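Enquirer: Attaching a single structure in structure tokens format; questions to follow.
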Amino acid sequence: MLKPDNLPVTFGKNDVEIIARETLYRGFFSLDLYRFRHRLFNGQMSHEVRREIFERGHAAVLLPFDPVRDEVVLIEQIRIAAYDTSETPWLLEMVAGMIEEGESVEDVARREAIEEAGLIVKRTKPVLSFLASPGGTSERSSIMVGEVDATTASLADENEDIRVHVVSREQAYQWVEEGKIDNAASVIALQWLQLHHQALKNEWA
Amino acid sequence: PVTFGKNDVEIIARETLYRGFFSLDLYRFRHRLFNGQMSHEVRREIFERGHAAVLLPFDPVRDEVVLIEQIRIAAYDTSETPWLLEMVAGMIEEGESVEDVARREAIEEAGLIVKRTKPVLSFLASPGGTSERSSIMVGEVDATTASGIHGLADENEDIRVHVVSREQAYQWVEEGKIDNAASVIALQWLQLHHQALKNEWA
Ligand SMILES: Nc1ncnc2c1ncn2[C@@H]1O[C@H](COP(=O)(O)CP(=O)(O)OC[C@H]2O[C@H](O)[C@H](O)[C@@H]2O)[C@@H](O)[C@H]1O
Ligand SMILES: [Cl-]
Ligand SMILES: [Mg+2]
Ligand SMILES: [Mg+2]
Ligand SMILES: [Mg+2]
């Protein structure tokens, strides 16, 4: 038979038992309660543990990058939840969209690039996929870098709710360091780009 | 860059839809459009769970990182395993500073006594559906003493500590073996600033 998969952690998916899932509140996004038992590091089985989980979904995130002009296209839009801990709820972000049945991360990213920023992506490349806050939410965001021509930017579909900004990669990175760009998807994407722009520029050359 | 501020948004109401360990709130508001007019009323369901203090344990002398392992059941449906490799992290309670929480949780979750500490970055995990803000700090630790299982008994935290070189942790992030936001952000930051940090502390 097959050998088991290698894991970087101690226990795998088979070492936990999801006893039950109950909806605590059902709205656009449901807040659920998971009842489960899992192996402890000391070898013993746990009691039943209960956790409230915000079932948010799965998102596609696209970093529009122009390797020739070394620029990034950012979108400005309001994220009301940022109101209580930010100076302004209008954030500079990446192209993004929720992924539904039968859709791929790439399909959503390309479609969002057109709807939100009026950009037509060329080559795309998988970057990273992260869990926004796994202690309380199931959300998972997959990031891809999209090859674009920043000339075609700076009139898009959602132009009254979304404003497009074309800036140098270095300017964008600087804003992250200064804390002027602080939403997870953007920070991760821009740090990744700052760590890999040369190779990506040569790859797409 | 951004020009619209809080005066460009009219929060009509914030209602509590659900209140348990965490709360679920509804925001009813109007916000200005990029054509200058005000939007119709908009509703958004927001997950309110407080704010977090995150600590990246870094040994400048050995160039190693201390990671903690623990199960996060919310990762079950989209991950290969619910047990994640993460940074020390705690919920900031009533009037506690990011530093107090980060240093306290480091003892609690990993039994590490952090020496010098430095702020890193503060981010919003997902401004679209949650108000959560996580503030990351890097803490100087002696990795040769980091070990074993920890976590608070009364909270029922079962946490195991792992010590790996900084390069490995960074490669695991680019490889998707560490993929929770706080850890990814903290480790890419470390990879971008490790030489300057070693120079300062080592
Ligand atoms: N889903 C939940 N429902 C009910 N009780 C819960 C839930 N999550 C955690 N708790 C309770 O809080 C303790 C964790 O305390 P912190 O240690 O004080 C906090 P920590 O878990 O670490 O969260 C900090 C950051 O790490 C994760 O990524 C989170 O998303 C967050 O951004 C757990 O032992 C448990 O008792
Ligand atoms: Cl498997
Ligand atoms: Mg914790
Ligand atoms: Mg705590
Ligand atoms: Mg804790």
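Note on naming: chains are A, B, ... as they come in the structure tokens, residues start from 1 per chain, ligands start from 1 in the order shown.
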Counting only C-alpha atoms and all ligand atoms, what residues are within 8 Å of ligand 2, given as a PyMOL selection string?

Expert: (chain A and resi 4-5+12-14) or (chain B and resi 80)

Enquirer: With 6 Å as the limit and counting only C-alpha atoms, what residues in chain B lie close to chain A? Please list them as a list in words.

Expert: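 Putting it all together, I get residues 5, 6, 33, 34, 35, 72, 74, 75, 81, 123, 124, 125, 127, 128, 130, 131, 179, 180, 181 and 185 of chain B.
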
Enquirer: Can you pull out the residues contacting residue 58 (chain B)? Cut-off 8 Å, using only C-alpha atoms, and skip same-chain residues under 5 positions away; I want them as a tab-separated table (two decimals) with N, CA and C atoms, in the first residue's frame.

Expert:
```tsv
chain	number	residue	atom	x	y	z
B	63	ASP	N	20.38	32.22	14.96
B	63	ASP	CA	19.61	32.46	13.73
B	63	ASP	C	18.52	31.39	13.60
B	64	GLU	N	17.75	31.24	14.68
B	64	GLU	CA	16.68	30.27	14.72
B	64	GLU	C	15.38	30.93	15.14
B	65	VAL	N	14.29	30.24	14.84
B	65	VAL	CA	12.95	30.69	15.16
B	65	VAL	C	12.27	29.63	16.01
B	66	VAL	N	11.46	30.08	16.95
B	66	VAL	CA	10.73	29.15	17.80
B	66	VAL	C	9.27	29.20	17.35
B	138	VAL	N	8.73	41.33	17.47
B	138	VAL	CA	9.74	40.29	17.40
B	138	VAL	C	10.42	40.30	18.76
B	139	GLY	N	10.65	39.11	19.29
B	139	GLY	CA	11.26	39.00	20.60
B	139	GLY	C	12.52	38.17	20.58
B	140	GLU	N	13.57	38.71	21.19
B	140	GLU	CA	14.86	38.06	21.29
B	140	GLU	C	14.78	36.93	22.31
B	141	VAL	N	15.06	35.71	21.89
B	141	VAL	CA	15.01	34.58	22.81
B	141	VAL	C	16.23	33.69	22.68
B	142	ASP	N	16.43	32.84	23.68
B	142	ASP	CA	17.52	31.88	23.66
B	142	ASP	C	16.84	30.59	23.23
B	143	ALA	N	17.03	30.22	21.97
B	143	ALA	CA	16.39	29.04	21.42
B	143	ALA	C	16.82	27.72	22.03
```

Enquirer: Return the single residue from A:171, A:6, A:142, A:106 that is closest to residue 78 (chain B), with distances computed using only C-alpha atoms.

Expert: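 When distances to residue 78 (chain B) are compared using only C-alpha atoms, the smallest one comes from A:142.
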
Enquirer: Can you tell me which residues come within 7 Å of ligand 3 when counting only C-alpha atoms and all ligand atoms, ideally as an NGL selection string?

Expert: :B and (88-90 or 109)

Enquirer: Only N, CA and C atoms, please: the residues just picked out, written as a compact mmCIF listing (two decimals), in the first residue's frame.

Expert:
```txt
# COMPACT_ATOMS: atom_id res chain seq x y z
N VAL B 88 3.67 32.79 18.65
CA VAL B 88 3.02 32.91 19.94
C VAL B 88 1.95 33.97 19.68
N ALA B 89 0.75 33.80 20.23
CA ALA B 89 -0.31 34.78 19.99
C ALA B 89 -1.40 34.72 21.06
N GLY B 90 -1.81 35.89 21.53
CA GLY B 90 -2.82 35.92 22.55
C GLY B 90 -3.79 37.04 22.34
N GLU B 109 2.47 30.12 26.41
CA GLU B 109 2.41 29.21 25.28
C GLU B 109 3.67 28.48 24.90
```

Enquirer: Given only C-alpha atoms and all ligand atoms as the basis, pick out the residue of B:154, B:99, B:50, B:13 nearest to ligand 5.

Expert: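 Using only C-alpha atoms and all ligand atoms, the shortest distance to ligand 5 belongs to B:154.
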
Enquirer: Would you mind reading off the distance between CA of residue 55 (chain B) and CA of residue 120 (chain B), one decimal, in Å?

Expert: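 Answer for the CA of residue 55 (chain B) to CA of residue 120 (chain B) separation: 9.4 Å.
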
Enquirer: Where in chain B does DSSP assign strand (DSSP E), given as a ChimeraX atom specification?

Expert: /B:9-19,23-31,42-48,52-59,64-71,83-86,88-91,117-124,133-140,149-150,159-165

Enquirer: Once you have the residues from the selection above, write them out as a PDB file, in the first residue's frame, restricted to C-alpha atoms.

Expert:
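Output (selection30.pdb):
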```pdb
ATOM      1  CA  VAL B   9     -18.797  57.366   6.042  1.00  0.00           C
ATOM      2  CA  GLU B  10     -22.080  57.583   7.901  1.00  0.00           C
ATOM      3  CA  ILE B  11     -22.466  54.699  10.328  1.00  0.00           C
ATOM      4  CA  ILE B  12     -26.228  54.525  10.758  1.00  0.00           C
ATOM      5  CA  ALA B  13     -26.131  51.610  13.175  1.00  0.00           C
ATOM      6  CA  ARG B  14     -24.177  48.691  14.547  1.00  0.00           C
ATOM      7  CA  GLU B  15     -26.377  45.858  15.754  1.00  0.00           C
ATOM      8  CA  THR B  16     -25.497  42.688  17.569  1.00  0.00           C
ATOM      9  CA  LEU B  17     -26.753  39.673  15.682  1.00  0.00           C
ATOM     10  CA  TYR B  18     -25.134  37.110  17.952  1.00  0.00           C
ATOM     11  CA  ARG B  19     -23.164  37.231  21.186  1.00  0.00           C
ATOM     12  CA  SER B  23     -19.862  38.397  18.619  1.00  0.00           C
ATOM     13  CA  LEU B  24     -21.364  38.846  15.192  1.00  0.00           C
ATOM     14  CA  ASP B  25     -22.386  42.429  14.336  1.00  0.00           C
ATOM     15  CA  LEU B  26     -24.268  44.072  11.513  1.00  0.00           C
ATOM     16  CA  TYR B  27     -23.055  47.415  10.184  1.00  0.00           C
ATOM     17  CA  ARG B  28     -25.646  49.604   8.436  1.00  0.00           C
ATOM     18  CA  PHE B  29     -23.976  52.561   6.762  1.00  0.00           C
ATOM     19  CA  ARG B  30     -23.614  54.888   3.793  1.00  0.00           C
ATOM     20  CA  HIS B  31     -20.223  55.805   2.336  1.00  0.00           C
ATOM     21  CA  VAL B  42     -25.174  49.243   2.877  1.00  0.00           C
ATOM     22  CA  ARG B  43     -25.211  46.271   5.257  1.00  0.00           C
ATOM     23  CA  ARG B  44     -22.272  44.135   6.215  1.00  0.00           C
ATOM     24  CA  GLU B  45     -22.055  41.253   8.653  1.00  0.00           C
ATOM     25  CA  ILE B  46     -18.928  41.757  10.807  1.00  0.00           C
ATOM     26  CA  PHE B  47     -17.199  39.158  13.016  1.00  0.00           C
ATOM     27  CA  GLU B  48     -16.101  40.866  16.274  1.00  0.00           C
ATOM     28  CA  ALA B  52      -4.414  40.012  19.098  1.00  0.00           C
ATOM     29  CA  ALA B  53      -0.805  40.406  20.135  1.00  0.00           C
ATOM     30  CA  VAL B  54       1.590  38.215  18.139  1.00  0.00           C
ATOM     31  CA  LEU B  55       5.168  37.351  19.062  1.00  0.00           C
ATOM     32  CA  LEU B  56       7.865  36.034  16.704  1.00  0.00           C
ATOM     33  CA  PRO B  57      10.543  34.362  18.898  1.00  0.00           C
ATOM     34  CA  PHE B  58      13.933  34.992  17.262  1.00  0.00           C
ATOM     35  CA  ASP B  59      17.380  33.850  18.475  1.00  0.00           C
ATOM     36  CA  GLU B  64      16.677  30.268  14.718  1.00  0.00           C
ATOM     37  CA  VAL B  65      12.954  30.693  15.156  1.00  0.00           C
ATOM     38  CA  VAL B  66      10.727  29.151  17.801  1.00  0.00           C
ATOM     39  CA  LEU B  67       7.389  27.954  16.406  1.00  0.00           C
ATOM     40  CA  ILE B  68       4.433  26.579  18.369  1.00  0.00           C
ATOM     41  CA  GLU B  69       2.160  23.748  17.285  1.00  0.00           C
ATOM     42  CA  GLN B  70      -1.515  23.479  18.268  1.00  0.00           C
ATOM     43  CA  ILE B  71      -4.797  22.468  16.675  1.00  0.00           C
ATOM     44  CA  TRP B  83      -2.511  21.301  13.547  1.00  0.00           C
ATOM     45  CA  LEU B  84      -0.721  24.470  12.513  1.00  0.00           C
ATOM     46  CA  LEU B  85       2.796  25.796  13.034  1.00  0.00           C
ATOM     47  CA  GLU B  86       2.373  29.350  14.345  1.00  0.00           C
ATOM     48  CA  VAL B  88       3.019  32.911  19.944  1.00  0.00           C
ATOM     49  CA  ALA B  89      -0.314  34.775  19.990  1.00  0.00           C
ATOM     50  CA  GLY B  90      -2.816  35.919  22.553  1.00  0.00           C
ATOM     51  CA  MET B  91      -5.955  37.954  22.913  1.00  0.00           C
ATOM     52  CA  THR B 117      11.428  43.204  21.895  1.00  0.00           C
ATOM     53  CA  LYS B 118      10.693  45.320  18.847  1.00  0.00           C
ATOM     54  CA  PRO B 119       7.460  46.169  17.055  1.00  0.00           C
ATOM     55  CA  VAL B 120       7.175  44.664  13.561  1.00  0.00           C
ATOM     56  CA  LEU B 121       3.878  45.371  11.747  1.00  0.00           C
ATOM     57  CA  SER B 122       0.211  45.596  12.749  1.00  0.00           C
ATOM     58  CA  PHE B 123      -2.354  44.201  10.310  1.00  0.00           C
ATOM     59  CA  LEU B 124      -6.034  43.567   9.723  1.00  0.00           C
ATOM     60  CA  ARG B 133      -6.310  43.644  14.311  1.00  0.00           C
ATOM     61  CA  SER B 134      -3.143  41.639  15.086  1.00  0.00           C
ATOM     62  CA  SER B 135       0.021  43.422  16.253  1.00  0.00           C
ATOM     63  CA  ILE B 136       3.291  41.617  15.690  1.00  0.00           C
ATOM     64  CA  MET B 137       6.446  42.072  17.719  1.00  0.00           C
ATOM     65  CA  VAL B 138       9.741  40.290  17.397  1.00  0.00           C
ATOM     66  CA  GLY B 139      11.261  39.002  20.596  1.00  0.00           C
ATOM     67  CA  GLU B 140      14.863  38.058  21.290  1.00  0.00           C
ATOM     68  CA  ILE B 149       4.372  21.193  25.776  1.00  0.00           C
ATOM     69  CA  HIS B 150       2.761  24.311  27.233  1.00  0.00           C
ATOM     70  CA  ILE B 159       0.823  23.636  22.632  1.00  0.00           C
ATOM     71  CA  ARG B 160       4.060  22.016  21.479  1.00  0.00           C
ATOM     72  CA  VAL B 161       7.195  23.999  20.726  1.00  0.00           C
ATOM     73  CA  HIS B 162       9.433  23.493  17.667  1.00  0.00           C
ATOM     74  CA  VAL B 163      12.832  25.115  17.082  1.00  0.00           C
ATOM     75  CA  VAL B 164      13.992  25.517  13.472  1.00  0.00           C
ATOM     76  CA  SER B 165      16.571  27.672  11.671  1.00  0.00           C
TER      77      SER B 165
END
```

Enquirer: Near residue 69 (chain A), within 12 Å and counting only C-alpha atoms, which residues show up once chain neighbours fewer than 4 positions away are dropped, as a PyMOL selection string?

Expert: chain A and resi 65+73+147-151+166-170+197+201+205

Enquirer: Write a file of the selected residues as a short mmCIF file (atom, residue, chain, number, x, y, z; two decimals), in the first residue's frame, keeping C-alpha atoms.

Expert:
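What landed in again.cif:
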```cif
data_model
loop_
_atom_site.label_atom_id
_atom_site.label_comp_id
_atom_site.auth_asym_id
_atom_site.auth_seq_id
_atom_site.Cartn_x
_atom_site.Cartn_y
_atom_site.Cartn_z
CA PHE A 65 2.40 43.31 -11.33
CA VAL A 73 -1.85 48.28 -9.44
CA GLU A 147 1.19 39.96 -15.26
CA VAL A 148 -0.27 43.26 -16.44
CA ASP A 149 0.60 46.33 -18.48
CA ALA A 150 0.27 49.27 -16.05
CA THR A 151 -0.02 51.48 -19.15
CA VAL A 166 -0.76 52.56 -10.15
CA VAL A 167 2.43 52.86 -8.10
CA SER A 168 6.03 51.65 -8.20
CA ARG A 169 6.73 48.33 -6.48
CA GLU A 170 9.13 50.12 -4.18
CA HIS A 197 10.69 40.68 -7.97
CA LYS A 201 10.95 39.97 -13.77
CA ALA A 205 11.03 38.74 -19.41
#
```
